[PDB]
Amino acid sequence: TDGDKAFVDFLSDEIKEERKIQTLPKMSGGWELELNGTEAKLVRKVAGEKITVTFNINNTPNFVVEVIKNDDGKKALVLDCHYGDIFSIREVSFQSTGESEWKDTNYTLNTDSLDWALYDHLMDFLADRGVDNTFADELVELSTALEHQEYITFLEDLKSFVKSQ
């Protein structure tokens, strides 16, 4: 098709321009990064605790913190958080680790009009585990670089797709 091979030439140009524009920055705090396509996991084991921060660059942007007390590995404290605009906690609950789905029947603390004092203690709980406003600022730029890399990979996949046959 005329359109297809022109679309391929155009995608070639876009890939050059976006690579030229340019890598992944680091997170302070001894985190280890695990990439699964658009999903990133930052991991820290400290003092009988595993802390996992999970975000997906496809999506208001959010990240999920999972705190596992290694004494009792079946139930994790899960804190859904906003980042970018403001940091802030949106929801807290206990979940089974490694489930295919949030148990809808476990209680979820929505923070919408939450007592400022309980809210601040929750923020301090996160800060003590490394998830502070510095972490949230560093996450923005990691997320931003990761989105650009995956977008470039997508243009390549699209170019390869359209050029096949």
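So that there is no doubt, residue numbering starts at 1 and follows the sequence shown.
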- prompt: As recorded in the PDB entry, how many deposited residues are without coordinates between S113 and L114: none, 1 to 3, 4 to 9, or 10 or more?
  reply: none
statement: As the entry reports it, the stretch among 154-162 and 2-10 with higher mean C-alpha B factor is 2-10
- line: For 87-95 versus 69-77, entry-based mean Cα B-factors point to 69-77
Residue of maximum C-alpha B factor among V46, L109, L118, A40, per deposited coordinates: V46
- prompt: Within this chain, which third does the Cα B-factor at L139 fall in: lowest, middle or highest?
  reply: middle
- request: Sort the modelled residues of this chain by their C-alpha B factor and say whether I57 lands in the lowest, middle or highest third.
  value: middle
- line: Temperature factor at the Cα of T105, chain-ranked in thirds, falls in the lowest
- request: Ordered by C-alpha B-factor within the chain, which third holds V131? Give me lowest, middle or highest, please.
  value: middle
task: Relative to the other modelled residues of the same chain, rank the CA B-factor of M27 and answer lowest, middle or highest third.
output: highest
